[PDB]
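Undergrad: My questions will all concern the structure given below.
Protein chains in written order, with the UniProt record's numbering: chain A, 435 to 780; chain B, 2 to 1298; chain C, 1213 to 1298.
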């Protein structure tokens, strides 16, 4: 119905060095057709709303609380310069990402007002078009919010996705002023990707965290580099390994749950776990008499639903009245039905 | 990825699982027919108008869509209201028949045969008997198909339903129904593809493949037969379209069979565009397929082309643009038009008569039948993947260039441009000046330096050349429309409200003053009189008193009198005479005629002012002949004179203002006049230079103008990195002509192809950059090829809609400075520090100069496009010492980078530069221009642009958007001198002569004049320091350089033959030779001391500020030789007070001695409302004692609660330069044991007294019989003489005000 | 991540400090927009936001800021006891 169960991991805080090559990697079946299908199915099942609006709001809630460690003052400040480097994409009914209205209006508590906002990407209208994979003649900013997808030109080609991610990360850092802050969305936190991150950008910032909102089942994450400077000392640490392990655990957990759900178009022939069973009778005459078919059908259907609720309707036609009894079948009901040796009468 | 006129994205997508069919249960059928409303259940209106209760096109649903209406219905359609009534009747009746037989309770579980149900229902509402069908309404799906169940009775059941042993024949039902008022000609009507006609086709269901062969043998002679292979709804079946055509869908390019194909193809594309993995579908391949009478060899008819596209669509391809869910006639026409366009047919997959080939890598999954087979094209470019569509844009788009490694020769770029450009073009100018004024004021009487009128500068010889006059007129048009006179008058009256007499420091004007608008009241614009009068009568102008009456004169008056101002006039006289008269209306260029007119009007204007009055006059042409006569005749008629010069458009007119109308004035021509004129003509020349780049109005833009627009148009372009790709070549060529400016982009869909246009403004900067190129770089196409939206059409306007911010003005000015500086012929190389990745410096520098530029970020431009000997880019941080390794140059620069770099380094400026400059010297550099941020003139924050921090030396930009350190000029210069003792130093800021304008207007950016003063002030806070080591530095004896005092200046030099000049405010102020020299800033003596090899200058400056000096010889350009500053006199006024015994609370108040410079005349004033107002003398007065000024004043019980100031006295303003609080009086107690004094504190300052906590008197309205002992004092001694003082015998009192 | 999250301890001693009347003392505004006014021993003293241009005798503008936020300056009072209406 809505909401998000997010989580935040401070990486720079962990002093325990951990070699990147030993990081856990994407599961082998992660791009199997079935898991991808369930992943898409879950995407449909969420109530309709603006996914990006909620996702962005969660991140900026964290950013409003971000405070430098050395002098204990907020990293952002009023009149700060911001570039929504992410693809402003005329989302839904608006021509720009809706979060900008809140930012301009100070709607977000604790977040200062930026002096100006600039937009970039492929789908912009109130900005400029450019590819973030190359060098850019764009100047610089205090806050760089890089909400860029990588999948749009790499479905499952991981090395291609890695190159895109690394390239976009580099340009995003280059657009930040000294002491600035930049965030980047990463679709696939692959150990190869992490390897290059510490091979190249290890000195470009002071601190790093991971912000992970969960709106639908996805492995994407948000990096956040604080204190844009020249002589940072970021390293892969055990905090990263903990976060990754927890992340994949949830993803597997959700996938297991989805397996019980049937897909959309298929009529419910009784093969799915979460299906519905129904029985229709016309002018039934229930009684305790033996072999009373309405009684037999009633008892049979109930035995297939018991843990769930049992619904009942009487609809009068022009002639007889049609009665229908139905309920949801679940794997719990299957276990109970397995326990039975005979079907009790109601 | 294009087929004929159809554009396709390179990604494939389609659904992955087929939904199985299930027949309709008997009970469910009854429920559908018994639905209380059948709309949206059995049929849907695609066309409902809720304003009425009507629709015109209906879409039908399975139980009904099998119907074929009898012609009587077709030829005479009914309306929507009758339709809904008719259906609800028939449905209920049909239910009754179905239930009269087959009682529900015994048959609810049975499955209806869809074919039988459709036929039976169709006949029923055709008013034809259906008894035959009712026997065979049901079938057992587990035992037979809905077809085979029927073939059990192989004979002609009825005339429209014939069944053999293997197949069934019946007319195809109508999927759409057109009601009354249908009109295909209306392009917005929903499309129906002709299916509304009762007999558009005929279907043949068959049970097995041999039957299919048998049917095809019969149909081979007729029209083309079509079939679905994937999932044939109720069962395998052919369909035979009617052999005719359908009207309105195209230029008769259509037969019925083609329509079925093309709409089928559209559905296939729509599904591919939105299929998802999580959703099952009834059919993966929506396409039809021809099986008879077809040519695989040709593609010159619609049916062939549609087929060739369908064979490709099955692979899961998507169109670049979305197609509507409910297409209208216009939509279909556009699709067909594109399909029939010239282009290549796809040939990845060949047509085969009854088998379809699929790519194994496609997401498509074949069914079980034999009609599909895998196939391997050799060079298929597509890939699997989803693609979303972006909504269209209401604005033309802008892109930022990014380059590949490929480059192209100039000739190819030009020829690719010349055949794709809109070479002659129609454009609009817009408005260059948005509003505001740059106004300047010059007091003339203030300057004591006499200057003979004959030596005044005169009008430039070309000032009435046609071209300059033409540009002058062109500029007049380009200002945004408004009332020129309103703004012009408002500026002058703003000055007049502040005008104060010098002798007694009171405003010249007063309430109820008499005014004559002697200028031609001319029913300006919408009004009958000059609009400024409304403000004047209403007191809208702050500080301006209300006149008692206003009289109007001239030629165009209505509410006044007509007369010629050149003659004597029968009039009274007035306090203020405002003579806004033109002179040009009878003298276009005849200067002596204009001079006579000006002089005559001036004389009459003076004659109409009363004694002590004030008159102003507008002069079109301040000619030295005019000035000569002014001092020849009217020299004694007034006390003082100023020049007010508003600038609304480029004009040389001015406003004279004569103050203190009297008989015995002593006005003289003085150097102040010469300074003003020189500045005035400088601006006009500067503005004229800027306008030269602008084209005139009616001329179409053939590419001769500097500020023109270049555009290129392409139709359905296919950009790629392939060599000689014309769209790519044209794109790169056009970009190369625009780079410094923005690049616009649009996509407009025509009825057929889509037209794309790319354009931008060409400027002289772009010409310089293009000259630097040796080859034209190619662009990265991903950004463009990704754009598949639609946009609004281009605009082609020269000037934007909104004036640029102040910061940009400063940037342009410094660009103008650098552009000029880099023209020195004695420069062989240059190192630029902190370049943007965009190497903008290339646009400013002559192409012959070697340049090396640097930044931490990688460059944004393909370096291969330039000669490596002339240009070089080094990536690194010049803050680090490691940056200097192999770095060689003769000169360097750093603009808008130093403060940022220092901030990043976490250090002050002084430390930062101290470790930097030596490295530049080590690199062989000799001279450099450095943009240090520091207050040269004074410390004063600009309210929002720059905030100066003091507890730490830091600037705040844009309310703190950016934060940088700063230093003070004097300590910095001393620090620099310590580093380099033998180098010359100079400062540069934005000129008030506006010579930098062509870098604002000539680049096509609009402007507001009122911002210019701020921009100059902004520059004053961020100067450019010019350091030069190849010349000895300047020196002066009195280093503090106080004003109005003799000072000696040494300029060591080798040639007595050289010539000298000194400039101030961007104009020469001193120049000449040791033999003779001319100055307009005080006494100047020039001598050359050969024994010391120096020029000696002895000088007595008469005004403060920056002065820079140059030397020149006949065969050389002028050489800068440093600069010096002149400081104002000190602001320290001091007062000396009597003891408390001499605190004179008596009527004769006491006296205090003032110690101050004579340069500041003083008077006692009150800071009433943000401005000081002079107090009446009888409470305080500055005393003109012979040795020095003193201060007499009297004590009153209001004094402790009020503040008063010794204020500087100038005719321009009161207390401007200094305003000193007279603090003692604010805090002086009154002896209870003595008679004391009281009065009201303000002009309307109501007050009341409380004697020792006991209420005493309302000093405004004291008791008619006063309290005992108090009396009305003789001398006023209040704040204003109108109020009297009241003397109190003794006691202590409060002041409630 | 945050300021004062895990622990936050009040410095209660400062809340109880007694100011010696016989010495020069210090005053300033308490908040970023904390308008305040002073009352010397029951006698109204100053609107510390906008102290009178003729300052009360002996008081002065302090050198070091020492306010809640550096933007506000402190004003030193020569002696006495005062109230804080905010």
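Every residue gets a Cβ at the ideal spot worked out from N, C-alpha and C, and that includes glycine.
Quick one: grab the DSSP three-state call for residue 800 (chain A).
TA: Because chain A spans 435 through 780 in this model, residue 800 (chain A) falls outside it and cannot be assessed.
Undergrad: Any chance the CB of residue 550 (chain A) is under 7 Å from a heavy atom of the ligand SAM?
TA: Although the ligand SAM was asked about, the structure shown includes no ligands whatsoever.
Undergrad: Helix, strand or coil for residue 1031 (chain B)? Go by DSSP, reduced to three states.
TA: Reduced to three states, the DSSP call for residue 1031 (chain B) is coil.
Undergrad: Could you check if residue 535 (chain B) is buried or exposed, using at least 16 other CB atoms within 10 Å of its CB as the buried criterion?
TA: Per the 10 Å Cβ criterion, exposed.
Undergrad: Flag residue 1213 (chain C) as yes if its beta-carbon sits less than 8 Å from any beta-carbon of chain A, otherwise no.
TA: Yes, contact with chain A.
Undergrad: Between the Cα of residue 610 (chain A) and the Cα atoms of A:696, A:515, A:555, A:508, which residue gives the shortest distance?
TA: Nearest of A:696, A:515, A:555, A:508 to residue 610 (chain A), Cα basis: A:515.
Undergrad: Run the CB neighbour count on residue 504 (chain B), radius 10 Å, all protein chains shown included, and call it buried at 16 or more, exposed below.
TA: With fewer than 16 other Cβ atoms within 10 Å, it is exposed.
Undergrad: Name the two residues that bound the continuous beta strand (DSSP E) containing residue 1288 (chain B).
TA: From DSSP, the beta strand (DSSP E) with residue 1288 (chain B) extends over 1287–1289.
Undergrad: From residue 366 (chain B) to residue 20 (chain B), what does the alpha carbon distance come to, in whole angstroms?
TA: Cα to Cα, the separation comes out at about 13 Å.
Undergrad: Would you kindly report the start and end of the unbroken alpha helix (DSSP H) that includes residue 974 (chain B)?
TA: Element bounds for residue 974 (chain B): 970–980.
Undergrad: Excluding the five sequence neighbours on either side, which residues of its own chain have a C-beta within less than 7 Å of the C-beta of residue 640 (chain B), listed in chain order?
TA: Contacts found: 660, 661, 663, 666.
Undergrad: Please confirm if the stretch 485–495 of chain B is in contact with the stretch 524–532 of chain B, defined as three or more CB-CB distances below 8 Å between the two stretches.
TA: Cβ pair count under 8 Å is three or more, so yes.
Undergrad: Taking Cβ to Cβ, would you say residue 734 (chain A) is nearer than 8 Å to residue 777 (chain A)?
TA: A contact, by the Cβ cut-off of 8 Å.
Undergrad: Do you know offhand how far residue 398 (chain B)'s Cα is from residue 268 (chain B)'s?
TA: Between residue 398 (chain B) and residue 268 (chain B), the C-alpha separation is close to 32 Å.
Undergrad: Would you call the CB atoms of residue 493 (chain A) and residue 502 (chain A) closer than 8 Å?
TA: The answer is no: Cβ separation not under 8 Å.
Undergrad: Can you tell which of B:154, B:1007, B:476, B:179 has the C-alpha that lies nearest to the C-alpha of residue 652 (chain B)?
TA: Ranking B:154, B:1007, B:476, B:179 by Cα distance to residue 652 (chain B) puts B:476 first.
Undergrad: Under 8 Å, do residue 66 (chain B) and residue 182 (chain B) count as touching if we go by C-beta distance?
TA: No, these two residues do not count as a Cβ contact at 8 Å.
Undergrad: With burial defined as no fewer than 16 other Cβ atoms inside 10 Å of the residue's Cβ, what is the status of residue 445 (chain A): buried or exposed?
TA: So residue 445 (chain A) ends up on the buried side.
Undergrad: Quick one: list the residues of chain B neighbouring residue 1259 (chain C), beta-carbon separation under 8 Å, in chain order.
TA: The premise fails here: residue 1259 (chain C) is roughly 15 Å from chain B at the closest Cβ pair, so nothing lies under 8 Å.
Undergrad: Can you list, in chain order, the residues of the stretch 706–728 of chain A whose Cβ is nearer than 8 Å to any Cβ on chain B?
TA: Within the stretch 706–728 of chain A, the qualifying residues are 714, 716, 717.
Undergrad: Output the distance between the C-alpha atoms of residue 542 (chain A) and residue 895 (chain B), rounded to the nearest integer angstrom.
TA: Answer to the nearest angstrom: the Cα atoms are 40 Å apart.
Undergrad: Under DSSP, the alpha helix (DSSP H) around residue 630 (chain B) begins and ends at which residues?
TA: Residues 625–634.
Undergrad: Would DSSP call residue 489 (chain A) helix, strand or coil?
TA: Helix.
Undergrad: Can you grab the Cα-Cα spacing for the pair residue 491 (chain B) / residue 531 (chain B), in whole Å?
TA: Distance between the alpha carbons of residue 491 (chain B) and residue 531 (chain B): 11 Å.
Undergrad: Counting only C-beta atoms, is residue 615 (chain A) closer than 8 Å to chain C at any point?
TA: No, because no Cβ of chain C sits closer than 8 Å to the Cβ of residue 615 (chain A).
Undergrad: Does the distance from the CB of residue 1271 (chain B) to the CB of residue 1288 (chain B) come in under 8 Å?
TA: The answer is yes: Cβ separation under 8 Å.
Undergrad: So residue 952 (chain B) contacts chain C; which residues on that side make the cut at Cβ distance below 8 Å?
TA: Within 8 Å Cβ-Cβ: 1277, 1282.
Undergrad: Thinking just about the alpha-carbon of each residue, which of B:309, B:862, B:18, B:1235 is nearest to the one in residue 403 (chain B)?
TA: Residue B:862 is the option with its Cα nearest to residue 403 (chain B).
Undergrad: Where in the stretch 59–123 of chain B do unbroken runs of the alpha helix (DSSP H), each at least 4 residues long, occur, reported from the N-terminal end onward?
TA: Complete alpha helix (DSSP H) runs here, min 4: 63–66, 72–75, 81–101.
Undergrad: Any residues in the stretch 1067–1100 of chain B with a beta carbon nearer than 8 Å to a beta carbon of chain A? Which ones, in chain order?
TA: Correct list: empty, as no residue qualifies.
Undergrad: Within this structure, are the beta carbons of residue 1009 (chain B) and residue 431 (chain B) separated by less than 8 Å?
TA: For residue 1009 (chain B) and residue 431 (chain B), no; Cβs fall outside 8 Å.
Undergrad: CA-CA distance, residue 226 (chain B) and residue 124 (chain B)?
TA: About 26 Å.
Undergrad: For the stretch 425–498 of chain B, which segments carrying the alpha helix (DSSP H) assignment without a break, of at least 4 residues, lie completely within its bounds, in sequence order?
TA: Listed in chain order, they are 467–479.
Undergrad: Which residues in chain C have a C-beta closer than 7 Å to the C-beta of residue 499 (chain A)? List them in chain order.
TA: 1213, 1214, listed in chain order.
Undergrad: Among residues of its own chain, excluding the 5 on either side of residue 325 (chain B), which ones have a beta-carbon nearer than 6 Å to its beta-carbon?
TA: Once the five neighbours on either side are set aside, the close Cβ partners of residue 325 (chain B) are 332.
Undergrad: Near residue 1061 (chain B), what residues of its chain come up, given a Cβ to Cβ distance below 8 Å and the 5 sequence neighbours on each side ignored?
TA: Around residue 1061 (chain B): 1052, 1071, 1072, 1073, 1074, 1078, 1087, 1096, 1098, 1110, 1111, 1112, 1113.
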